[PDB]
Amino acid sequence: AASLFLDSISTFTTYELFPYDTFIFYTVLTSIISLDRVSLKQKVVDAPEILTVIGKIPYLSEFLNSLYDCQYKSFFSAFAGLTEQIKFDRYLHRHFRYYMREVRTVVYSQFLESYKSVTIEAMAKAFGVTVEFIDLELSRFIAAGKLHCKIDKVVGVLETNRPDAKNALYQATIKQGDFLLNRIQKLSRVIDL
Amino acid sequence: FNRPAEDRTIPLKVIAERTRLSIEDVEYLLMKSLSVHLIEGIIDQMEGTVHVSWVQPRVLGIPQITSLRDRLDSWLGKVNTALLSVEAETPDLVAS
Amino acid sequence: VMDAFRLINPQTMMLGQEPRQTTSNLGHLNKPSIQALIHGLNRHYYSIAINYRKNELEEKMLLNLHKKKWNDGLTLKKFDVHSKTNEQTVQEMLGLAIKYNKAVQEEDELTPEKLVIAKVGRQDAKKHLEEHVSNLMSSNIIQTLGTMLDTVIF
Amino acid sequence: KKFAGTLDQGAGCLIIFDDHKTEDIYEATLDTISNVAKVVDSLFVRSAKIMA
Amino acid sequence: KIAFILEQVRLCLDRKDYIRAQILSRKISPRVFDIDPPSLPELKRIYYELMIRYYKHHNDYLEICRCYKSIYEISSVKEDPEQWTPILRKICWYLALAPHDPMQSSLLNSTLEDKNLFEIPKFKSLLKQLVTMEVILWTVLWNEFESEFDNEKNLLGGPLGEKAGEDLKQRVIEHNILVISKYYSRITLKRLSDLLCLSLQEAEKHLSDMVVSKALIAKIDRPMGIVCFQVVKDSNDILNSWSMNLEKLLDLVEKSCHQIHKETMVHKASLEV
Amino acid sequence: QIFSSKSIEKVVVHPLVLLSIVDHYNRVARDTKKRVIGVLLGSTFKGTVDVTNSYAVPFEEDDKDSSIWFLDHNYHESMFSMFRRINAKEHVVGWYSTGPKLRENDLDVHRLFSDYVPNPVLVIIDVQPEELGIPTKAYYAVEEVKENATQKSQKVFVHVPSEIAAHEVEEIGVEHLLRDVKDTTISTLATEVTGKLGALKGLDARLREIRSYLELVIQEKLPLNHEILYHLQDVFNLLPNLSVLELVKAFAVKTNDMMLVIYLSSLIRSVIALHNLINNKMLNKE
Numbered sequence: 194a195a196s197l198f199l200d201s202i203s204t205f206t207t208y209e210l211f212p213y214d215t216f217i218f219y220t221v222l223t224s225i226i227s228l229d230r231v232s233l234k235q236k237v238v239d240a241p242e243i244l245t246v247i248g249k250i251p252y253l254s255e256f257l258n259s260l261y262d263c264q265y266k267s268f269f270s271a272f273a274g275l276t277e278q279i280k281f282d283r284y285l286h287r288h289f290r291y292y293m294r295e296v297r298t299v300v301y302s303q304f305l306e307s308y309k310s311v312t313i314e315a316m317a318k319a320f321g322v323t324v325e326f327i328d329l330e331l332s333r334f335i336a337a338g339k340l341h342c343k344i345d346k347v348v349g350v351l352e353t354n355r356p357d358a359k360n361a362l363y364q365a366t367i368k369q370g371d372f373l374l375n376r377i378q379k380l381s382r383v384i385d386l
Numbered sequence: 291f292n293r294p295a296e297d298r299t300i301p302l303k304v305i306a307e308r309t310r311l312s313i314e315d316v317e318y319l320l321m322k323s324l325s326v327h328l329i330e331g332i333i334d335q336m337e338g339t340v341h342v343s344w345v346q347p348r349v350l351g352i353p354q355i356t357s358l359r360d361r362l363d364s365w366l367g368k369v370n371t372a373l374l375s376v377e378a379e380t381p382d383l384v385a386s
Numbered sequence: 156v157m158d159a160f161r162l163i164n165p166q167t168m169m170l171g172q173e174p175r176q177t178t179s180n181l182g183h184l185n186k187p188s189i190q191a192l193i194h195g196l197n198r199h200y201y202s203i204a205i206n207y208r209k210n211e212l213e214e215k216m217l218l219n220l221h222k223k224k225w226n227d228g229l230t231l232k233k234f235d236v237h238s239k240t241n242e243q244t245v246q247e248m249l250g251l252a253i254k255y256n257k258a259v260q261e262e263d264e265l266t267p268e269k270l271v272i273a274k275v276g277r278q279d280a281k282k283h284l285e286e287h288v289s290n291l292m293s294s295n296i297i298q299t300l301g302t303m304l305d306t307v308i309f
Numbered sequence: 370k371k372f373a374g375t376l377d378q379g380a381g382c383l384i385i386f387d388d389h390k391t392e393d394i395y396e397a398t399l400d401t402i403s404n405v406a407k408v409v410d411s412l413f414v415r416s417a418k419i420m421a
Numbered sequence: 149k150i151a152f153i154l155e156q157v158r159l160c161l162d163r164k165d166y167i168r169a170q171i172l173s174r175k176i177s178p179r180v181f182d183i184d185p207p208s209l210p211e212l213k214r215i216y217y218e219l220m221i222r223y224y225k226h227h228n229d230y231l232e233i234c235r236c237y238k239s240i241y242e243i244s245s246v247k248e249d250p251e252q253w254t255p256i257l258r259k260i261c262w263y264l265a266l267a268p269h270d271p272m273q274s275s276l277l278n279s280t281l282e283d284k285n286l287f288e289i290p291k292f293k294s295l296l297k298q299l300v301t302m303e304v305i306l307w308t309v310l311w312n313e314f315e316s317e318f319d320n321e322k323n324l325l326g327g328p329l330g331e332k333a334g335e336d337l338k339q340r341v342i343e344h345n346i347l348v349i350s351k352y353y354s355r356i357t358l359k360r361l362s363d364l365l366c367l368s369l370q371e372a373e374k375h376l377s378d379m380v381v382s383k384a385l386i387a388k389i390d391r392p393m394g395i396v397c398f399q400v401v402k403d404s405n406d407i408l409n410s411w412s413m414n415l416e417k418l419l420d421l422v423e424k425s426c427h428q429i430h431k432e433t434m435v436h437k438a439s440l441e442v
Numbered sequence: 008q009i010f011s012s013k014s015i016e017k018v019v020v021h022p023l024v025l026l027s028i029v030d031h032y033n034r035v036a037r038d039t040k041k042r043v044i045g046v047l048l049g050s051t052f053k054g055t056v057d058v059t060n061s062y063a064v065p066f067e068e069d070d071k072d073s074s075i076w077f078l079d080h081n082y083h084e085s086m087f088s089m090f091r092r093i094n095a096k097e098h099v100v101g102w103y104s105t106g107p108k109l110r111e112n113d114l115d116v117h118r119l120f121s122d123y124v125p126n127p128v129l130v131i132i133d134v135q136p137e138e139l140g141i142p143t144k145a146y147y148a149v150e151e152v153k154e155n156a157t158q159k160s161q162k163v164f165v166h167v168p169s170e171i172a173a174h175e176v177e178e179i180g181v182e183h184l185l186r187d188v189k190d191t192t193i194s195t196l197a198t199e200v201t202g203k204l205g206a207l208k209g210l211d212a213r214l215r216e217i218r219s220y221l222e223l224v225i226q227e228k229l230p231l232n233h234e235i236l237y238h239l240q241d242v243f244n245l246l247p248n249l250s251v252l253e254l255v256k257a258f259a260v261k262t263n264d265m266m267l268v269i270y271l272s273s274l275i276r277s278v279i280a281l282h283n284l285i286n287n288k289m290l291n292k293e
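This is the structure we're talking about:
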């Protein structure tokens, strides 16, 4: 999707996508997942392209820049708007539940990597309200095996760690090694009777 | 020399009591006998330990010969168990 | 390449007689060189069959010659260099793999074996893949043996 | 995401913590996945051939 | 030709036009003098005498040091002590006045080897004290050599410079610190401030520059006051040494390996009589 | 600055030399325990002694008086002239001994021979090798001045590395001789594992021999040269601590990385082998 981002920057308006501003906004929803913020500085060059096209959009300009300007609390306000729009839109509605849970975990860990450990009651009034809402949400993502930190409970603090890119890089290898050997062992039974 | 090569880390304190000599001066003596090419090693101040890569080879008698006897019997046994493991693993594997 | 020769008496040749009597077929075992047939073989001279007398002690010492130093197995490769060779060979396996995927896919029903022998993908993606996996396995696993038999015995 | 660095919430504790290790392993798994996918391609094609 | 361009660089230096002086001095390739036949050995002498003045402006203690060797290598100077006597003395400082450098390290080695420096034992101690990996306490060295330093104000070439005393104060720091890192891996900044006879901030500062200069790889933990001089070794970096140690152990025993039968061979023969 | 005589760094011993020496021993000493001696011919380059050719030089040594040893120089110099005529490139390089052990008169042989070469090399070749290794051991005489005053300067033979390499022609002849035995299809591992295992048989037996000699010193039969006992203590001193914890994680990391590379290799071989099996099924059905 992010590949054709530059492709859309240079393409044209067909009968399907007559609105350049609409094609422009589409190339932005997939970019905020696919690339990090050195590539989001590449996306700020895409945002000078947005002063060219998303300057006509008050919604998408505020939605993209709130992640870049670290305006964390207003980030969820338009994220509720986009995700609702993502449901009623065709072709994103097969995966609208997969989008935001990747955008939540990208908005969480961006703030958390910015400290060795910040208390858990600071994120209510600055990032999104509901302390126990943050509690049940961070508990289900560390248990999901991502979002590298470790939350405490009764002294009311969130601690981070830093793991190497070895254990997590080893994890995706053993999935694919099992998957390909599942493919070839099942194949060799099928052929030769 | 008394210590083995596996424990060439020694606290500066013990060096002091053996030398009855102050921390600053113990360190002075250490860096001097490391500088003269008498010794080679490292010294860690945080816990105050001396990692010498400094070991010599001479001056020993019949008792150290008997100690090396025990050590060589030990390593002969170690080699024996390694060889026996290899020989026990081979039959199921070279016959294929 | 060596041969022995002795001359055929010209008087016997002028008489039309066979220069020698053959109770054994050993002399005919080696087919003579057509050059020698051009250079007067069996008209002025003849060949002599050659064998080699070899002493057992000579064979023991000869076998000793090619025996590598028993320490050479101990000489382990530097870990950094060995790892870089592994890296490069892995990238080579990547390149050969993509080439071979194209080769298997582009292959049509009428695949010309003669044309493939004359020119194949990356010389021959399959052959290089096999040789590279063989060499990679060998190097890694010999390094394995070396490091750890040292671990045990040292 | 420039040069490493990450101060604590208010204790002054940078979280810059990383190492440089290009791994044969990740490219290796990519190779294996692509090669196995094409093995399955050949298997399905030649199975279609046997049933024919 | 060379004399004319030498007068030219002299006038430019008198004008303090240093850039033109360098642009011109680069023209004279030192190889022209080395051609076997004021005359050339005297034209030789002034040539470096001019550049010493030029480099003296730039605090290029390194290059200034090489100038005097070539003045030293003059046969006429080498023959009579009254010239090679003061000049070798001058060589002793500039080597010490030059910062720690690989070429600086090697030239010291050549300088110690000279037969001449034996006749200058006291300064030979310096070049040994700087060559030998001795941690030099500043006070013990300086107190003796404050007097010998002051005497150089009266010798040919002028004073060594007011900044030299404070600038020399670094090379012993540089000399000791290199010894420190090699004989200390994790030093308390206090103890470094102690061992560097300096404050924590200066002691740290002399370090901060050195990691900045790349002269040493180290990491300070101001919250802990810990200077670790060891590069973070990757497991392979740990291991590479390890098997290297064993490969020596293998070789070591493999040397002791043959050493043992040979004595059996030699000894058993002595028992055959 | 006294040692202007180029130290002999290494000696390369080629097959033809060994074959000639073995034939000499057989002809002269097939049925006697007499050793056969000869002269070594070749060129020395950059501290390396190229021992190209050798010739039989008949030898006797009294079985009663080892100090007495019948070797003469007439034929020696005659062959120097004659061979050098044949091949001017070669010159004498050493004298070889056919036996398992040195004898004291080897020193006087070396002394007499050094008149022909300022730096001669003594090579001992075991005509009937029992040990797994190179059958040649190189030596050169060094005037060692012991720190003890009461003994005059003693010439002691110092071991030098000896190596076996065969010229292209000699290599050709060797393989032509060794086809009925030799192995080139050995996958490198079989060779390397065999060599490591032989080395383990070497070092542990060497430790046991040192232990036997230490028990000997305890009983009080044999003492020891300070230098060699020094060397054994040195080996023990340089013993790394196999229980180093961070070093243990270093092992674990390298093991994981290498074995997962091997895992790559096994996966890829799976790919190719299954592909070829399917093609074999195709060829069999067609």
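Chains as they are written, first to last, in the deposited numbering: chain R, 194 to 386; chain O, 291 to 386; chain V, 156 to 309; chain Q, 370 to 421; chain P, 149 to 185, 207 to 442; chain U, 8 to 293. Here a beta-carbon is modelled for each residue, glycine too, at the ideal position from N, C-alpha and C.
Close Cβ partners of residue i (< 6 Å) along its chain, the five nearest in sequence each way excluded
{"i": "V:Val288", "result": "none"}
{"i": "O:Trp365", "result": "none"}
{"i": "P:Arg168", "result": "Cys160"}
{"i": "R:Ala317", "result": "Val324"}
{"i": "P:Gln273", "result": "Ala267"}
For residue i, three-class secondary structure by DSSP
{"i": "U:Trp76", "result": "strand"}
{"i": "V:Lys233", "result": "coil"}
{"i": "U:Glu227", "result": "coil"}
{"i": "U:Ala145", "result": "strand"}
{"i": "P:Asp390", "result": "strand"}
{"i": "V:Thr178", "result": "coil"}
{"i": "U:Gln161", "result": "strand"}
Beta bridge counterpart(s) of residue i as assigned by DSSP
{"i": "R:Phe334", "result": "DSSP, once it has assigned bridges, lists no residue as partnering R:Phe334."}
{"i": "P:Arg355", "result": "O:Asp334, P:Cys397"}
{"i": "U:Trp102", "result": "U:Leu129"}
{"i": "U:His166", "result": "U:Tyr146"}
{"i": "O:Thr339", "result": "O:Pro301, O:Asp334"}
{"i": "U:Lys17", "result": "U:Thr55"}
CB contact check: residue i to chain Q, cutoff 9 Å
{"i": "R:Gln278", "result": "no"}
{"i": "R:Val296", "result": "no"}
{"i": "V:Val259", "result": "yes"}
{"i": "R:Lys266", "result": "no"}
{"i": "R:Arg283", "result": "no"}
CB contact below 9 Å: residue i versus chain O
{"i": "P:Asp363", "result": "yes"}
{"i": "P:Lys338", "result": "no"}
Neighbourhood of residue i by C-beta distance below 7 Å, restricted to the same chain and skipping five residues each side
{"i": "V:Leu162", "result": "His199, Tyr200"}
{"i": "U:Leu23", "result": "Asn60, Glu177"}
Neighbour flag for residue i against chain P, beta carbons, 9 Å
{"i": "V:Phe309", "result": "yes"}
Minimum Cβ-Cβ distance from residue i to chain V less than 9 Å
{"i": "U:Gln240", "result": "no"}
>> Counting only Cβ-Cβ distances shorter than 9 Å, please list the residues of the stretch 191 to 212 of chain V near chain B, keeping chain order.
In response: Annotation note: the requested chain B is absent from the structure, which comprises protein chains R, O, V, Q, P and U.
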